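Each remark here refers to the structure printed beneath this line.
Number of protein chains: 4
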Amino acid sequence: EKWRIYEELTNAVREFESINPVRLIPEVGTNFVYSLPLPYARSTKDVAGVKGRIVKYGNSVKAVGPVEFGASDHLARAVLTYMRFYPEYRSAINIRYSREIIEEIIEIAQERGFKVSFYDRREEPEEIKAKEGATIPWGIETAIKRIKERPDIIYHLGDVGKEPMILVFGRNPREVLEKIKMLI
Amino acid sequence: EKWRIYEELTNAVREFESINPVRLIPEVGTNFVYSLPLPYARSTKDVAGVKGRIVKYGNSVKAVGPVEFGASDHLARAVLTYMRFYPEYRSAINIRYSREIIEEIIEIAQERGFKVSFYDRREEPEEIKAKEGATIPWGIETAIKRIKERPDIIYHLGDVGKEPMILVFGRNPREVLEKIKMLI
Amino acid sequence: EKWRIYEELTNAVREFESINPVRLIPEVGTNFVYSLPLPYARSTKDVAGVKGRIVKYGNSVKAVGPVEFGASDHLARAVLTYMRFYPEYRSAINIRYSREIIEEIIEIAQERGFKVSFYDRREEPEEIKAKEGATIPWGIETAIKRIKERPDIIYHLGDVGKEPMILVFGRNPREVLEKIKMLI
Amino acid sequence: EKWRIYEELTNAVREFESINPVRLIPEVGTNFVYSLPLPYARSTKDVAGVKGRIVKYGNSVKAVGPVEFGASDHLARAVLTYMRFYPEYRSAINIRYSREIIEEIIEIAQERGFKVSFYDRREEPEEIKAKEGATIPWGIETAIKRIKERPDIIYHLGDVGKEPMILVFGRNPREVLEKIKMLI
C-alpha cells in the first residue's frame, strides 16, 4: 500500500530529474502523482504528489520538495477522475504544451500505438465553469468520452489566464516515466 | 556593487519568506529581483534574481534556489525596461493577481499615496505580439506612459494561455519588501 | 409620446445613413435606440429601435428595417440600465471599436468636456456570466460606477466570441447623432 | 457564365429566406456566395455574394442587398482557398455556431456520409496572425489538411473579438442550400 506508493513515485521522480527534461516543464511546474487504489481513493489526500512540484532550475529541473499524500491538488483530481473510467491508472504527470511536443507526441502515439484525446474549455458549459473545481473533472470526462479507446494522453490548449497542458497517464509511475522517456 | 546587491536581495528574500506570503504567490512562482545600476544594466544577466523563484510550499512559500545574476528572465526585462524611465528603480517582485489583492492594493496606494498603472495585452499591436520578448517591455511602457506620475504598481489581467500579474517596484529590495508588508 | 419618439429616431437614423459613417459600423451592425420614459420604460419592448439594425452596404451604410418598439434587445437593455442612473438619457447607439476610433473619442472627449468609461468582461465574476443577459446590465453598472461623472461613452474590448464595442449615449437621438458627427 | 451564377445564387438566397432559418443566422449576418471557375476565379471580385448579407429580421431572416460580384470578402476568400483543393466547390455559406447546432451537423454528417473538419485560431502561429487577411486562407488550408477526405463542413470556435462560425460548402447554391435543409 502506502510505502510502495511512496517508494515507486519517489524513485520515478528521481529518475525523471536524472533524464533532465527541461523542455517539458511548464511555468507552473510539473507534478507527478500516484494515487491509492479505489475505493480508498476518495480525495486528493489519497494521492501522493511532489510537494512544490518540479520546476526549471538551471538548464535542468528540480523537485522542490518530497513526495507526500495531498501534495498535488490539480493533477490529483485529474487522475482521480480518470480512475472513474480506468481504475488501474492511478499515476499521471503534467508537462509543458507546444506545437513541437504535441506533434512529436502524436507521431509517437502513432508509432508505439496509443490514444490521445483532449478537451477545450471553450466548449465548456457556463454552469460548469461557474462551479469551482468542476472544470478539471469535466475536461477529463469530455476527453475520455471523446474517443472510443482509453487515452494515455489528454491535453488542452490555453484559455484566458490559463496555460495549456499535456497530461499523460500510466498505471504506475514507472509506466508514466516510460512514456516520457520515449518523448526524448 | 555586486556583493551589496547579492546581500540586500538575499536578505529580503529571507524576510519575504519569514512573513509567509502564501496568498500572494502565483502558480508560475514569485521572483524578486535587484538589477545593477545603469549603464551596466544591459541584460537580464546584469540583474540578480532567485533561481527557481519562490513557490507555494505547504501553507507557506519557498525559494527554490539561491540568488544569482541572470536567474530571472521575465521580471528582469520588466525592471530593466522600467529603469529606462526611472533608473533608480532596479528592484521589483511579481505577485499573484485577484480582485481582492488588487482592490486592497488600490486602497492602500490611495492611503499611503502612490500610483498604480496597468497594461492590457488586448490593446497590443499585432506586430509587437509577433516579435518575441517585445511584449513585456511594451507593457511596461504602455503602463508607464498611461499615467503622469511613476507607477509603483503595474499589473495586467490574464490573456489566452497567460495568467494575470501584479508587479511592484522599488529602488532596492527593502523598499519593495516594505510595500508587500503593507499589503498584509 | 410614442409618435414623437418614433419620428425623432427615424429622422436621426435617416441622417446617420446620410452622413455615411461606414468606418463606424461593426460587423454585427449598428443599432440606434430611443426609450420611453421612466417608469414607462419597463422593458426592451418600451424602447424603439431599427429592425435589422443599420449595416455596412458598399462604401456606405444602410438601415435594414423600420423603427419599431422592441426592435432592439442588447442596446435597449443597455440604455435601460443606464437610465437607472441617468433617467433622462433614453437614447444610445453602438459603434465599431478600434484603437484609432477610441483614441479619437478620447481626444474629442477632452477637447469637448465629455466623459468616457468602460468595463471588462474579464473582471466579470463567473457567477454573473452564468445568468443569461445579466452581463449587459453588469457592464453598464460597472462603467458608471468606475467614475463619479456620467460617462457619455462606455466601451469594452473584445472577449472570446464577442467583439469590442463603443456605446455612446444622449438625451435623445439628436444629442447622440450630434456626437457621432464630431467623431466623424 | 456570370448570368447563370447570378440567377442560381439569387434563387437559392430567395429560398433560404423562404425556409426561414432564423436560428442559423449569426450576429454578423449570413452570407451566401458562388464563385466563377478556375482560373477565372482570381479574386473575391470574381465571386458573387449578397450585398449587406442576409440578417435576422424579426422571427425571420432577410437579404439586405442584391447579389453582386465582389459583394462578399471573407466568405469569398474562404471559398477561393477551398477551391485550390476542390476546384468544383465554388459555393459556400456561413452559419451561426452553437453546441446544439454543431452536434446536429455531426449526427447528420454521420447519418448522411458527410465529412466535417475545423481549425483553431489558437493553434495559429503568431506570424500568420500578423498578416492581414492571411487567417482565412490559413484556416481553410488547416481544416482541409486535418483529414484525408474533403470536409463539407468546416467550423471554428470563438476567439478574442471574433465569434465562432460554421461554414458549409457545395458545388453550387442548390447543393449548399440542400444541406441547410437537412440541418433545419
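Line by line, the protein sequences are chains A, B, C and D.
All residue numbers for the first sequence refer to full-length UniProt numbering, where the first residue is 268 and numbers rise by one.
All residue numbers for the second sequence refer to full-length UniProt numbering, where the first residue is 268 and numbers rise by one.
All residue numbers for the third sequence refer to full-length UniProt numbering, where the first residue is 268 and numbers rise by one.
All residue numbers for the fourth sequence refer to full-length UniProt numbering, where the first residue is 268 and numbers rise by one.
Where is the CB? At the ideal position from N, CA and C, for every residue including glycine.
What would DSSP say about residue i, mapped onto helix, strand or coil?
i               : result
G428 of chain A : coil
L434 of chain B : strand
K318 of chain B : coil
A359 of chain B : strand
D419 of chain A : strand
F299 of chain A : strand
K329 of chain C : strand
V289 of chain B : coil
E335 of chain D : strand
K446 of chain C : helix
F283 of chain D : helix
Got a sec: is the Cβ-Cβ distance from residue i to anything in chain A below 8 Å?
i               : result
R344 of chain D : no
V331 of chain B : yes
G437 of chain B : no
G325 of chain B : yes
Let me check you understand the geometry: is the CB of residue i closer than 7 Å to at least one non-hydrogen atom of the ligand ZN?
i               : result
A315 of chain D : Ligands are entirely absent from the displayed structure, and the ligand ZN is therefore not among its contents.
Could you round the C-beta distance between residue i and residue j to whole angstroms and report it? I think they count as a contact, below 8 Å.
i               : j               : result
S302 of chain D : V334 of chain D : The pair is not a contact, with the Cβ atoms about 12 Å apart (cut-off 8 Å).
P440 of chain D : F336 of chain D : No, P440 of chain D and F336 of chain D are not in contact; Cβ-Cβ is about 15 Å, not under 8 Å.
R438 of chain A : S384 of chain A : No, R438 of chain A and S384 of chain A are not in contact; Cβ-Cβ is about 18 Å, not under 8 Å.
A315 of chain A : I272 of chain A : 5 Å
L305 of chain B : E371 of chain B : Between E371 of chain B and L305 of chain B the Cβ distance is about 33 Å, and since that is not below 8 Å, they are no contact.
Against chain D, with Cβ distances strictly below 8 Å, would residue i count as a contact?
i               : result
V427 of chain B : yes
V322 of chain C : yes
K318 of chain C : yes
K382 of chain C : no
Beta-carbon of residue i versus every beta-carbon of chain C: anything under 8 Å?
i                      : result
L450 of chain B        : no
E390 of chain A        : no
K415 of chain A        : no
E294 of chain D        : yes
residue 265 of chain A : Any answer about residue 265 of chain A is impossible in this case: the structure gives chain A only from 268 up to 451.
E393 of chain A        : yes
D340 of chain B        : no
From residue i to residue j, what does the alpha carbon distance come to, in whole angstroms?
i               : j               : result
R320 of chain D : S285 of chain D : 15 Å
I433 of chain C : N361 of chain C : 6 Å
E367 of chain C : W405 of chain A : 41 Å
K398 of chain D : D426 of chain C : 21 Å
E393 of chain C : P418 of chain C : 25 Å
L291 of chain D : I421 of chain D : 15 Å
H341 of chain C : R413 of chain A : 36 Å
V328 of chain D : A376 of chain A : 47 Å
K382 of chain C : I369 of chain C : 13 Å
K269 of chain D : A308 of chain C : 51 Å
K415 of chain D : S365 of chain D : 26 Å
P354 of chain C : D313 of chain C : 14 Å
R363 of chain D : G428 of chain D : 16 Å
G332 of chain A : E275 of chain B : 26 Å
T277 of chain A : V322 of chain A : 16 Å
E391 of chain D : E374 of chain A : 20 Å
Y356 of chain A : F283 of chain D : 52 Å
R281 of chain A : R351 of chain A : 29 Å
Quick check: residue i and residue j, are their CB atoms within less than 8 Å of each other?
i               : j               : result
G325 of chain C : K318 of chain D : yes
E430 of chain B : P293 of chain B : yes
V435 of chain B : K448 of chain B : no
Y386 of chain D : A410 of chain D : yes
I407 of chain C : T348 of chain C : yes
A279 of chain B : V443 of chain B : yes
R344 of chain A : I395 of chain A : no
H423 of chain B : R379 of chain B : no
Can you check whether the C-beta of residue i is within less than 8 Å of a C-beta belonging to chain B?
i               : result
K396 of chain A : no
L424 of chain C : yes
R366 of chain C : yes
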